[PDB]
Each structure stands twice: as C-alpha cells, then as structure tokens.
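Q: Structure below; questions to follow.
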Amino acid sequence: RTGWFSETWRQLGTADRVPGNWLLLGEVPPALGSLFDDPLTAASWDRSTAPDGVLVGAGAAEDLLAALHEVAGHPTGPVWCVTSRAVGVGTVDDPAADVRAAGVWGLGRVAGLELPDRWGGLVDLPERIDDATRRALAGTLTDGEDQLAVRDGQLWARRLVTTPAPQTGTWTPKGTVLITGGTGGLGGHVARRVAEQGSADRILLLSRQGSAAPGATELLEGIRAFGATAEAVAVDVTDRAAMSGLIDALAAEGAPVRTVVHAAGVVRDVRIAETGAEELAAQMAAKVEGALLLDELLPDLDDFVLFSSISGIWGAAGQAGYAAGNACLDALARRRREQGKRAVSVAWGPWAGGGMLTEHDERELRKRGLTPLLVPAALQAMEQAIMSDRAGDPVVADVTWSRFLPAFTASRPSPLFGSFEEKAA
Ligand SMILES: NC(=O)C1=CN([C@@H]2O[C@H](COP(=O)(O)OP(=O)(O)OC[C@H]3O[C@@H](n4cnc5c(N)ncnc54)[C@H](OP(=O)(O)O)[C@@H]3O)[C@@H](O)[C@H]2O)C=CC1
C-alpha cells in the first residue's frame with residue numbers, strides 16, 4: 001500500500017543568556033552573539049580547549065559543511081545550527097521560503113545521523129531577532145528535540161505524519177512537456193506515462209547525453225508510437241545559454257514549454273567528513289541549480305513537478321549533498337506557490353524498475369523497511385500529487401515502520417517519527 005506522509009509541526013508547551021564558553025561559527029548575528037559572554041570564533045579558538053557548545057549561523061548547506069569541518073577532530077559540546085526562512089511551520093507569521101536556507105536542514109539531518117553524539121540540532125528563527133526570539137533560543141541551548149522553529153516567541157517541533165492520499169482526475173499535460181533527466185530511469189517512466197495519455201503535442205527528454213544516452217533510441221521509439229512528437233535533447237540543465245536557447249526556440253515555433261518534470265540529478269555516498277565544498281556543489285548542481293534556472297526561465301507553466309526524495313525529508317548517512325538538494329526542491333515548490341504559480345515537489349521513496357538503485361541497493365533498503373514502489377503505483381501517486389485539489393508537498397514511500405524505526409534510530413533517537421512509535425495515536 002502506498003504511504004503518503006507530510007511534514008507537520010507541534011507547538012511545544014526560556015532564558016536571558018546562555019552560560020559557558022561557546023564557539024560561534026558561520027554568521028551569527030549580533031542579537032544572538034550577545035547571549036554569550038566572551039564567545040570564541042574560528043580565529044580565536046585554541047583547539048585544545050573544548051567549548052561547552054557550538055552555534056553555527058548558516059544561510060546555505062556549504063556554510064554548515066564548513067563549520068562541521070572546523071570542529072572535526074576536536075572535542076566540543078553540542079553543535080547547534082540556526083537558520084531563518086528555512087522551514088514553513090504553517091502559521092500566519094511564516095516568512096517566504098528561502099531555497100538555499102532549506103538546504104541547511106537537509107544537510108543538518110544527515111549530520112545528526114553521521115555525528116549522533118556531537119550534533120545538537122537545527123533551529124529556524126525569524127529574520128528579525130527580537131527579545132522573545134533571543135529567549136526562546138537561549139532556553140533551547142541551555143536546556144530531546146533537535147528540529148525546532150521559533151514563531152512569535154513560541155517553540156515548534158518538526159514531525160513526519162501520515163496524510164490522506166489525493167483522489168483525483170487524470171493528469172493530461174498539454175503542449176510541450178519537458179522532462180529533465182528524461183532519458184534516465186524515472187524520467188523514462190514519466191515520459192511513457194505522458195505519451196500513453198495522448199494529451200501532449202511534444203515530449204522533450206533532456207539530459208547531458210540526450211539521444212546518445214543508453215536506451216534512448218528504444219525509449220523514443222516507444223514514445224513515438226502514441227501521437228506526440230518526441231526528441232531527446234543533449235543539454236546541461238544548469239547551462240543558462242543552452243536552456244534559454246531551447247526554451248526560446250520552442251516559444252518561437254508556437255510550441256512553448258507548458259509542463260516541466262524535473263528528474264535531473266545525481267546521488268553519491270560520501271560522508272560529511274569526506275565531502276568538500278566543491279563536491280557538495282557538484283552533488284547539488286543539476287538538482288538545485290537546474291530547478292532554479294527552470295523556475296526563472298519558465299514563469300508561466302501549467303505544471304512544475306520536482307522529483308525529490310525521502311533523503312531530504314529525514315536524511316540518510318552518506319547523503320549530505322543529496323539530502324540538501326532535495327530539501328531545496330521542496331522549498332522551491334513552496335516559493336513558487338507563494339508567487340501564485342503551480343508547483344509540486346514529491347519526496348519519493350525508492351522506486352523499483354531501474355535508475356539510481358542497483359539490485360543490491362534494493363535489498364539493503366528492504367532490510368531497513370523501505371520497499372521499492374512498483375512503477376504503476378508510483379506513477380499513479382505522481383498523478384494524484386499533481387492533480388490534488390489542495391497544494392502540498394507530499395512524501396510518497398512504502399515504509400514498514402517496524403523495520404524502519406529501529407534501523408533509523410539505532411545510533412540516535414528521533415522525535416520526528418513519534419506518531420509511528422509503540423501505541424502512538
Ligand atoms: N530511483 C529512485 O528510487 C529515486 C529517484 N529520485 C529522484 O528521481 C530523479 C531521477 O532518478 P533516477 O531515474 O533514479 O536516476 P537516473 O540517474 O537514472 O536519472 C538521472 C538523470 O539525470 C540526468 N542528469 C544528471 N545531471 C544532469 C545535468 N546537469 N543536466 C541534465 N541532465 C542531468 C542524467 O542523464 P545524463 O548523465 O545524461 O545527464 C539522468 O538522465 C533524481 O532526481 C532522483 O533524485 C527520488 C527518489 C527515489
């Protein structure tokens with residue numbers, strides 16, 4: 001049975017300062033630096049002394065990555081990371097989405113899994129740090145929650161819960177459908193689904209390999225049987241000149257892009273300790289910079305569909321960059337909807353039937369309570385997510401909680417999944 005889940009936030013039921021010898025990294029603003037008496041910086045810290053805590057001010061995943069490299073191999077107290085505009089609590093005073101800040105949370109969750117005894121947590125604060133905000137943070141740093149937000153002086157804690165699955169009509173995309181990563185595994189399944197519907201004029205499969213991609217010839221032949229024209233174009237989704245050229249040429253033909261499905265991306269297994277800034281950027285490029293470029297160049301679309309991952313929802317060891325990029329996608333969908341435009345980001349669990357996952361990957365996933373979604377089930381859930389009468393960003397995965405939770409929490413407890421614990425209501 002296909003699991004549908006969503007992020008939600010629980011309002012929790014405060015100090016004037018934070019005692020001790022703290023190390024402040026990244027950009028900690030003056031209204032927070034003043035909570036600490038004589039705090040250390042990266043420059044002033046004598047690495048032989050263990051600070052009582054670390055506070056990292058991060059605007060993007062790279063900032064948190066840099067801070068974690070600074071403290072690697074040195075004893076410190078808990079490492080806490082503060083952001084702003086990184087999460088949407090669902091209150092009236094929620095700020096507008098900051099795509100790059102959201103990446104901090106994707107990476108930070110992975111830090112919790114890789115460095116379970118060292119990682120403190122994430123706190124999202126309002127942009128303007130008033131006295132109420134100062135006190136909420138101080139109480140948090142002085143006092144098991146590790147994914148927190150401050151809104152109107154109150155603390156909220158992040159949770160993952162079930163939602164209802166949308167019950168919708170049929171997805172019938174029209175005109176030109178652009179599928180980035182379209183010659184890949186999931187891209188190909190989506191391409192065939194679109195073709196089968198018989199609603200579109202043109203299906204464009206975009207990837208760096210284009211028509212030179214393995215399997216592309218057979219994929220295109222199969223699509224071309226159904227009525228729409230189809231082509232594979234060899235284009236880097238991060239290349240502004242190439243992307244703008246393609247989009248402009250289609251509009252000039254009277255066949256402008258009307259739907260985007262963004263499945264371009266890469267996945268690597270590299271611990272934070274082994275991930276440099278350049279590699280982090282390479283890991284995030286197609287997924288994040290591609291999506292941002294698409295959003296910019298295509299303000300008027302019927303649909304803008306981002307293929308995200310459970311990695312950006314709850315994290316996995318070795319997936320810092322992958323998780324960060326996926327968290328960015330979820331934020332971009334929120335941002336685009338705030339601008340009055342259609343967008344959905346579906347945070348998928350593993351799929352069966354090819355792509356990123358090898359036969360062996362699939363068997364290890366099942367071990368930790370993740371069963372690959374069958375392709376028909378996944379595609380149906382995709383249609384449901386797109387055609388939903390209400391905006392949301394769904395998490396869609398086949399999770400067996402009795403196996404998943406003990407594996408996920410083996411090295412570190414997780415209040416995120418409270419609703420799946422023994423006797424949870
Ligand atoms: N398989 C799964 O279980 C899961 C997949 N996802 C997401 O689905 C998407 C596709 O996954 P999947 O089909 O498995 O993976 P694939 O590797 O099969 O497909 C990825 C595609 O992205 C393309 N790509 C990578 N970089 C660029 C770039 N700079 N410009 C244009 N295209 C690029 C690749 O082609 P090329 O190298 O030719 O450029 C390839 O076609 C990914 O974004 C992934 O994160 C999410 C959750 C689960």
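Identifiers for the structure tokens are assigned positionally: chains receive A, B, ... in sequence, residues are indexed from 1 per chain, and ligands are indexed from 1 in the order shown.
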With a distance cut-off of 6 Å and only C-alpha atoms, select the neighbouring residues of range 295-309 of chain A, excluding the residue or stretch itself and same-chain residues fewer than 4 positions from it, and output the selection as an MDAnalysis selection string.
A: chainID A and resid 258:263 326 342:348
Q: Could you list, as an MDAnalysis selection string, all residues that come within 6 Å of ligand 1? Count only C-alpha atoms and all ligand atoms.
A: chainID A and resid 180:187 207:209 213 235:238 263:266 286 307:309 348:351 355:357
Q: For residue 24 in chain A, work out the shell of residues within 10 Å, counting only C-alpha atoms and skipping chain neighbours fewer than 6 positions away, then give it as a ChimeraX atom specification.
A: /A:32-33,36,39-42,45,51,53-57,67,79-81
Q: Please produce an output containing N, CA and C atoms for each residue in the selection, written as a PDB file, in the first residue's frame.
A:
ATOM      1  N   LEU A  32      22.166  37.587  18.545  1.00  0.00           N
ATOM      2  CA  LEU A  32      22.456  36.281  19.160  1.00  0.00           C
ATOM      3  C   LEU A  32      23.839  36.186  19.816  1.00  0.00           C
ATOM      4  N   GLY A  33      24.860  36.804  19.230  1.00  0.00           N
ATOM      5  CA  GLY A  33      26.198  36.791  19.821  1.00  0.00           C
ATOM      6  C   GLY A  33      26.184  37.320  21.251  1.00  0.00           C
ATOM      7  N   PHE A  36      25.966  35.318  24.750  1.00  0.00           N
ATOM      8  CA  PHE A  36      27.149  34.626  25.217  1.00  0.00           C
ATOM      9  C   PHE A  36      28.134  35.621  25.800  1.00  0.00           C
ATOM     10  N   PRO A  39      32.294  34.855  23.737  1.00  0.00           N
ATOM     11  CA  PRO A  39      32.306  33.692  22.855  1.00  0.00           C
ATOM     12  C   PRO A  39      33.540  33.620  21.978  1.00  0.00           C
ATOM     13  N   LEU A  40      33.895  32.399  21.587  1.00  0.00           N
ATOM     14  CA  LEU A  40      35.018  32.139  20.693  1.00  0.00           C
ATOM     15  C   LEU A  40      34.593  32.243  19.228  1.00  0.00           C
ATOM     16  N   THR A  41      35.565  32.454  18.352  1.00  0.00           N
ATOM     17  CA  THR A  41      35.375  32.362  16.896  1.00  0.00           C
ATOM     18  C   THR A  41      36.355  31.338  16.348  1.00  0.00           C
ATOM     19  N   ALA A  42      36.245  31.031  15.058  1.00  0.00           N
ATOM     20  CA  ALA A  42      37.171  30.113  14.424  1.00  0.00           C
ATOM     21  C   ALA A  42      38.615  30.640  14.558  1.00  0.00           C
ATOM     22  N   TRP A  45      39.633  30.585  18.759  1.00  0.00           N
ATOM     23  CA  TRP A  45      39.561  29.307  19.461  1.00  0.00           C
ATOM     24  C   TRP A  45      40.936  28.638  19.538  1.00  0.00           C
ATOM     25  N   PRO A  51      34.955  23.788  23.722  1.00  0.00           N
ATOM     26  CA  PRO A  51      33.858  24.673  24.070  1.00  0.00           C
ATOM     27  C   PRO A  51      32.669  23.896  24.603  1.00  0.00           C
ATOM     28  N   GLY A  53      29.651  24.486  23.875  1.00  0.00           N
ATOM     29  CA  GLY A  53      28.718  24.332  22.769  1.00  0.00           C
ATOM     30  C   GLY A  53      29.223  25.049  21.525  1.00  0.00           C
ATOM     31  N   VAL A  54      28.608  24.751  20.377  1.00  0.00           N
ATOM     32  CA  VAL A  54      28.932  25.398  19.107  1.00  0.00           C
ATOM     33  C   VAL A  54      27.641  25.928  18.501  1.00  0.00           C
ATOM     34  N   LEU A  55      27.626  27.206  18.120  1.00  0.00           N
ATOM     35  CA  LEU A  55      26.474  27.765  17.454  1.00  0.00           C
ATOM     36  C   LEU A  55      26.901  28.196  16.062  1.00  0.00           C
ATOM     37  N   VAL A  56      26.239  27.621  15.060  1.00  0.00           N
ATOM     38  CA  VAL A  56      26.541  27.870  13.668  1.00  0.00           C
ATOM     39  C   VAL A  56      25.412  28.633  13.021  1.00  0.00           C
ATOM     40  N   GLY A  57      25.737  29.767  12.419  1.00  0.00           N
ATOM     41  CA  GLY A  57      24.767  30.539  11.680  1.00  0.00           C
ATOM     42  C   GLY A  57      24.969  30.284  10.203  1.00  0.00           C
ATOM     43  N   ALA A  67      31.478  24.696   8.809  1.00  0.00           N
ATOM     44  CA  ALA A  67      31.518  24.671  10.271  1.00  0.00           C
ATOM     45  C   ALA A  67      31.815  23.280  10.789  1.00  0.00           C
ATOM     46  N   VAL A  79      26.622  20.771  18.800  1.00  0.00           N
ATOM     47  CA  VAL A  79      26.666  21.676  17.671  1.00  0.00           C
ATOM     48  C   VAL A  79      25.250  22.003  17.240  1.00  0.00           C
ATOM     49  N   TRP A  80      24.908  23.271  17.371  1.00  0.00           N
ATOM     50  CA  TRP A  80      23.589  23.768  17.027  1.00  0.00           C
ATOM     51  C   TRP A  80      23.725  24.685  15.835  1.00  0.00           C
ATOM     52  N   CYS A  81      22.761  24.613  14.921  1.00  0.00           N
ATOM     53  CA  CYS A  81      22.765  25.433  13.715  1.00  0.00           C
ATOM     54  C   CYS A  81      21.484  26.249  13.642  1.00  0.00           C
TER      55      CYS A  81
END
Q: Contacts between range 94-101 of chain A and range 108-127 of chain A, please, where a residue of range 108-127 of chain A counts if it comes within 10 Å (with only C-alpha atoms); show its shortest atom pair and distance in Å to one decimal, rows by chain and ascending number, as JSON lines.
A:
{"residue": "A:124", "atom": "CA", "partner": "A:101", "partner_atom": "CA", "distance": 9.5}
{"residue": "A:126", "atom": "CA", "partner": "A:95", "partner_atom": "CA", "distance": 7.7}
{"residue": "A:127", "atom": "CA", "partner": "A:95", "partner_atom": "CA", "distance": 8.3}
Q: Keeping only C-alpha atoms, write those residues as an mmCIF file, in the first residue's frame.
A:
data_model
loop_
_atom_site.group_PDB
_atom_site.id
_atom_site.type_symbol
_atom_site.label_atom_id
_atom_site.label_comp_id
_atom_site.auth_asym_id
_atom_site.auth_seq_id
_atom_site.Cartn_x
_atom_site.Cartn_y
_atom_site.Cartn_z
ATOM 1 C CA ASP A 124 14.847 28.212 12.478
ATOM 2 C CA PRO A 126 12.567 34.797 12.439
ATOM 3 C CA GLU A 127 14.654 37.192 10.370
#
Q: From the list A:110, A:373, A:250, A:50, which residue is nearest residue 312 in chain A when using only C-alpha atoms?
A: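 Closest candidate: A:110.
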Q: Quick one, how far is CA of residue 421 in chain A from CA of residue 87 in chain A?
A: 24.3 Å
Q: What is the CA of residue 107 in chain A-CA of residue 83 in chain A distance in Å, reported with one decimal?
A: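 These two atoms are separated by 12.5 Å.
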Q: Going by DSSP on the backbone, which residues of range 288-326 of chain A come out as alpha helix (DSSP H)? List them as a list in words.
A: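 Of range 288-326 of chain A, only residues 290, 291, 292, 293, 294, 295, 296, 297, 311, 312, 313, 314, 320, 321, 322, 323, 324, 325 and 326 of chain A fall in alpha helix (DSSP H).
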Q: In terms of the shortest atom-to-atom distance over only C-alpha atoms, which of A:3, A:59, A:369, A:340 is closest to residue 28 in chain A?
A: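 Checking each candidate against residue 28 in chain A, we get A:59 as the closest.
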Q: From the list A:406, A:30, A:354, A:175, which residue is nearest residue 201 in chain A when using only C-alpha atoms?
A: A:175
Q: I want to know what sits within 7 Å of residue 139 in chain A, based on only C-alpha atoms, with residues of the same chain fewer than 4 positions away left out; could you give that as an MDAnalysis selection string?
A: chainID A and resid 14:15 135 143
Q: Write out, as a PDB file, in the first residue's frame, the residues just selected, with N, CA and C atoms.
A:
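Saved to again.pdb:
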ATOM      1  N   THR A  14      12.617  29.185  28.535  1.00  0.00           N
ATOM      2  CA  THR A  14      13.224  30.404  28.014  1.00  0.00           C
ATOM      3  C   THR A  14      14.155  31.075  29.042  1.00  0.00           C
ATOM      4  N   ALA A  15      15.350  31.455  28.589  1.00  0.00           N
ATOM      5  CA  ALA A  15      16.382  32.074  29.437  1.00  0.00           C
ATOM      6  C   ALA A  15      16.769  33.445  28.898  1.00  0.00           C
ATOM      7  N   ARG A 135      15.215  34.819  23.728  1.00  0.00           N
ATOM      8  CA  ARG A 135      14.937  33.995  24.904  1.00  0.00           C
ATOM      9  C   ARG A 135      14.536  32.569  24.568  1.00  0.00           C
ATOM     10  N   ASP A 143      18.905  24.241  27.892  1.00  0.00           N
ATOM     11  CA  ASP A 143      18.115  23.119  28.403  1.00  0.00           C
ATOM     12  C   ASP A 143      18.515  21.790  27.756  1.00  0.00           C
TER      13      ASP A 143
END
Q: So what do you get for CA of residue 165 in chain A versus CA of residue 327 in chain A, distance-wise?
A: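 Between CA of residue 165 in chain A and CA of residue 327 in chain A the gap is 21.4 Å.
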